[PDB]
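Engineer: Taken in sequence, the protein lines are chains A, B, C and D. Under this note's numbering, residues 1 to 178 are what the first sequence spells out, in order. Under this note's numbering, residues 1001 to 1178 are what the second sequence spells out, in order. Under this note's numbering, residues 2001 to 2178 are what the third sequence spells out, in order. Under this note's numbering, residues 3001 to 3178 are what the fourth sequence spells out, in order. Note that the Cβ used here is the ideal one computed from N, Cα and C, for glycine as well. Structure in structure tokens, see below.
There are 4 protein chains.
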Amino acid sequence: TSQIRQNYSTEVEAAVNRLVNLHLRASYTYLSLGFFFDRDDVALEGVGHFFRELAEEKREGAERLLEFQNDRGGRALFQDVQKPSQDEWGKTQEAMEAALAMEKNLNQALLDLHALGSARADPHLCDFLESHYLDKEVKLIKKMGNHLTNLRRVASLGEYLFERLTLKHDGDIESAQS
Amino acid sequence: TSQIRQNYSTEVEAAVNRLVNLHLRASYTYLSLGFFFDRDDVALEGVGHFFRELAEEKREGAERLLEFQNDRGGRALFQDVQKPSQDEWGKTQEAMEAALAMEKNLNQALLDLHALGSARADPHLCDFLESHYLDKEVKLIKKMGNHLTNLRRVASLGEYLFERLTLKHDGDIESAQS
Amino acid sequence: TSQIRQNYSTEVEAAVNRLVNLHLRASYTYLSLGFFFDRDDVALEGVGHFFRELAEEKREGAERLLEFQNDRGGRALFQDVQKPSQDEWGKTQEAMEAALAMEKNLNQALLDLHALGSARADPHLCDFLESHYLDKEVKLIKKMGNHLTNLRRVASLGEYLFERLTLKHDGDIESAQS
Amino acid sequence: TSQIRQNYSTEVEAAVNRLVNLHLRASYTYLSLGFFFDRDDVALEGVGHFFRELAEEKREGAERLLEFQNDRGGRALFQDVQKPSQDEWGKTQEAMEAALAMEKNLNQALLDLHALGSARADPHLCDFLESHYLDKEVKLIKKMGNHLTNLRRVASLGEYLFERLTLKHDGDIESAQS
Ligand SMILES: [Fe+3]
Ligand SMILES: [Fe+3]
Ligand SMILES: [Fe+3]
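Laid out in structure tokens, this is it:
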């Protein structure tokens, strides 16, 4: 009924609303992780900052899907952001596997959205995804896999050394380009 | 027969030629609108400048489709640019609805071209469209819908106030980034 | 059991966890509002940006309470961020009253936390609140009351004029000091 | 009997004098620690510099309490700064636990002073503490807890690696902002 709504199926409009809730829940989990590794009894502040500046990006990916919902004339329907899966994540390895299994699951939702959009012949949606989400997500998953193998390589002196030499070293340059 | 022609169906080559004529006719209509709101008896110079810098962009979108026709090895076939629909557009609201119904119709042609190109498996054409036309067009339609609802909100002191506070305010920053 | 936990009652640690969920839910509501006033059929982009840069600040107030939970040695317990109350907010006036009734309710929670903290003789908590939350909140409520009376004064040409002359005028200077 | 003495109970004036002696004794202990880790047979110069620039801050906290004693019209009564508890501190871990148990004990004295000051309705004293001592102390204790868990994580190659990668890395930036 919107005046600007054109070639925007309701199945896509609803599949997008379930994708913003996924991004928000994924930003909530990363927020929980980033505030778990700054606890006094873990103190892996490099990992904490990594997950923190990851929640920033996930939430930004959520509001970029909402402004796309408005540009196409859809109606944003919010749902309850379900709480993270765990409150204790454990060693950084068992946490980065719970953060990679959440990306590979969030990336699967993006691929299903792109499959749905190509099924209803929505070129603008497929372009928007291809441009803003898919490549970022495969690069993030690649980075997490690198972190995971480096963590299995130093497997807890090795975990401290990893947080100091890899994660902190990149957190320093984030604060430089920021 | 062109030496560089590769994977460029004649159905796409002809559908593109009908799309440059559409862009040219749409730039002609915007040219008529931009010189209607600078008439002495309308004097909505903000609306005039808006439609003027819109005709610039539509024409640029036409010559970007022609240089794509050359890159792919097609032959540009020009047709008579049919004159605009009206010579009197009336109040700015009834003109911005005749300018939005022309975008949503020009955007439909782009989507049909992208559907045809995906039917003949022309990835370069779909990428070219997705990159240069589709997103620009949905953003322009969104902007026009915003203008339309703001015009219905002030519905003629309100029309003058709108031209002064929205359109002129953005024309000033166009002349800044220009 | 934490090594750094000192003079940090569990009643405060739990009352803080219910305050971060309040801040997150309040940032979720403001996110819903900021993406409701950029809808094509409302197009009060000034109000949209106001609520958007308000959700930023509410969420920042949430992660500043979480890092305080870590500094004092508490354990952050996340809960389901309940979805906003409405999906349609209506005119900007009826939305700014639902955004002020949410501040005066979020400010009441801060005052109850400060009363609890003073009951258990926690000076650091009362100082943290007094410094970072209370004054910001009374200033924000004052600003919202100003907006509300200015909206009742122009009571829909007046609503457009308000969004153009008050909210947009301050959004321009936000983007300047930002 | 002082002309400027107003709302400054003698119980607070005496409790402050016992707090400057505590700060001085704590700066004496940190001075002993900072000159123990530069011994030729320990040579953890990063830890040495950490405790050294910690004694600076503790002593500064002592003379900031003395100038507050003068501003309120009290009389500074000095006592014998009792010598540090140990002359051999051992491994850096067993020293950072003797330096954290001294902070959590110095922070307890500040909280007792703030409880006494609130008992005699001395708002200026509670504000002075809340502003200058309490938050600094909880942040320092948090930092020490981080150091302690990182030291237990690398638990003596790990101790050298810690001193090199954490403590020296921050000593370099101290000498930059200094
Ligand atoms: Fe593409
Ligand atoms: Fe107080
Ligand atoms: Fe205070």
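#1: With a cut-off of 8 Å, does the C-beta of B:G1048 fall near any C-beta of chain C?
#2: Taking CB distances under 8 Å as the criterion, tell me whether A:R64 reaches chain C.
#3: Apart from the five residues just before and just after A:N150, which ones in its own chain have a Cβ nearer than 8 Å to its Cβ?
#4: Using beta-carbon positions only, say whether A:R120 and A:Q82 come within less than 8 Å of one another.
#5: Cutting at 6 Å between CB atoms, please list the residues of its own chain near D:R3005, excluding the five before and the five after it.
#6: Is the Cβ of A:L167 closer than 8 Å to any Cβ of chain D?
#7: One question on the structure: do C:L2031 and C:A2055 come within less than 8 Å of each other, judged by their Cβ atoms?
#8: So is C:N2105 in contact with chain A if we call contact Cβ pairs under 8 Å?
#9: Along the stretch 135-158 of chain A, what residues have a CB closer than 8 Å to any CB found in chain C?
#10: List the endpoints of the continuous alpha helix (DSSP H) containing A:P123.
#11: Any heavy atom of ligand 1 inside 7 Å of the beta-carbon of A:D127?
#12: Can you confirm whether D:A3015, when its beta carbon is compared against all beta carbons of chain C, has any partner nearer than 8 Å?
#13: Which whole runs of the alpha helix (DSSP H) in the stretch 35-107 of chain A are 4 residues long or more, in chain order?
#14: Closest Cβ-Cβ distance between C:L2113 and chain B: below 8 Å?
#15: Which of the three DSSP states is assigned to B:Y1008 in this structure?
#16: Short of 8 Å in beta carbon distance, which residues of its chain neighbour A:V138, apart from the five on each side in sequence? Order them along the chain.
#17: Any Cβ of chain B within less than 8 Å of the Cβ of C:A2043?
#18: Any residues in the stretch 1077-1088 of chain B with a beta carbon nearer than 9 Å to a beta carbon of chain C? Which ones, in chain order?
#19: Less than 7 Å between C-beta atoms, sequence neighbours within five positions excluded: which residues of the same chain meet that for B:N1007?
#20: Cα separation between B:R1164 and C:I2173?
#21: Taking the Cβ atom as the reference point for each residue, do A:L44 and D:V3154 lie within a distance shorter than 8 Å?
#22: Which bits of chain C does B:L1161 rub up against, with CB to CB less than 9 Å?
#23: Taking the Cβ atom as the reference point for each residue, do D:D3170 and C:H2124 lie within a distance shorter than 8 Å?
#24: Determine the burial state of B:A1115: buried for a count of at least 16 other Cβ atoms within 10 Å of its Cβ, exposed for fewer.
#25: Cβ atoms of D:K3142 and A:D40: under 8 Å apart, would you say?
#26: Between A:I4 and chain B, is there a C-beta pair that is closer than 8 Å?
#27: According to DSSP, simplified to helix, strand and coil, what is C:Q2003?
#28: Whole angstroms is fine: what's the gap from B:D1038's alpha carbon to B:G1090's?
#29: List the whole-angstrom C-beta distance separating residue 182 of chain A from A:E103, where the pair is believed to meet the contact cut-off of C-beta under 8 Å.
#30: How is B:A1155 classed by DSSP in three states: helix, strand or coil?
#31: Determine, for C:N2007, whether the minimum Cβ-Cβ distance to residues of chain A falls below 8 Å.
#32: By alpha-carbon positions, which one of D:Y3028, D:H3147, D:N3146, D:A3109 ends up nearest to D:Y3133?
#33: Quick one: is the Cβ of C:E2137 within less than 7 Å of any heavy atom of ligand 3?
#34: List the endpoints of the continuous alpha helix (DSSP H) containing D:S3178.
#35: How would you label residue 1179 of chain B, buried or exposed, when you count the other beta carbons within 10 angstroms and need 16 or more for buried?
Structural biologist: Looking at the coordinates:
#1: It does not; no Cβ of chain C falls within 8 Å.
#2: Taking Cβ atoms only, chain C never reaches closer than 8 Å to A:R64, which makes this a no.
#3: Sequence-distant Cβ neighbours of A:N150 in its own chain, meaning closer than 8 Å and more than five residues away, are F162, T166.
#4: At a Cβ-Cβ threshold of 8 Å, A:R120 and A:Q82 do not count as neighbours.
#5: Result list for D:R3005: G3073, in chain order.
#6: With 8 Å as the cut-off, A:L167 does not count as an interface residue toward chain D.
#7: Yes; because the gap between Cβ atoms is below 8 Å, this pair is in contact.
#8: Chain A, which has no Cβ nearer than 8 Å to the Cβ of C:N2105, makes this no.
#9: Listed by position, the residues of the stretch 135-158 of chain A near chain C (Cβ gap below 8 Å) amount to none.
#10: Taken as a continuous stretch (DSSP letters only), the alpha helix (DSSP H) holding A:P123 covers 123-129.
#11: Because some heavy atom of ligand 1 lies under 7 Å away, the Cβ of A:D127 counts as near it: yes.
#12: Answer no: the Cβ-Cβ gap between D:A3015 and chain C never drops below 8 Å.
#13: List check, alpha helix (DSSP H) in window: 45-71.
#14: No - not a single Cβ of chain B is within 8 Å of the one on C:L2113.
#15: DSSP places B:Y1008 in the coil class of the three-state scheme, outside both helix and strand.
#16: Around A:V138: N107.
#17: Yes - at least one Cβ of chain B is within 8 Å of the one on C:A2043.
#18: Correct list: empty, as no residue qualifies.
#19: Closer than 7 Å at Cβ, skipping near neighbours: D1122.
#20: It is roughly 20 Å from the alpha-carbon of B:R1164 to the alpha-carbon of C:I2173.
#21: If you check the CB distance, A:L44 and D:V3154 do not come in under 8 Å.
#22: By Cβ distance, chain C contributes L2157, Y2160, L2161, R2164.
#23: Going by C-beta atoms, D:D3170 is not nearer than 8 Å to C:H2124.
#24: Answer is exposed; the Cβ neighbour count stays below 16.
#25: Yes, the Cβ-Cβ distance between A:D40 and D:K3142 is below 8 Å.
#26: By this cut-off, A:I4 is an interface position.
#27: In the structure shown, C:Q2003 falls within a coil segment according to DSSP collapsed to helix, strand and coil.
#28: Near 13 Å, if we compare the C-alpha coordinates of B:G1090 and B:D1038.
#29: With chain A covering only 1 through 178, there is no way to say anything about residue 182 of chain A.
#30: The answer is coil: DSSP assigns B:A1155 none of H, G, I, E or B.
#31: So, not an interface residue.
#32: When only C-alpha atoms are compared, the closest one is D:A3109.
#33: Not so, every heavy atom of ligand 3 lies at least 7 Å from the Cβ.
#34: Segment: none, D:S3178 is in no alpha helix (DSSP H) and carries neither H nor E.
#35: One cannot answer for residue 1179 of chain B here, as it falls past the ends of chain B, which runs 1001 to 1178.
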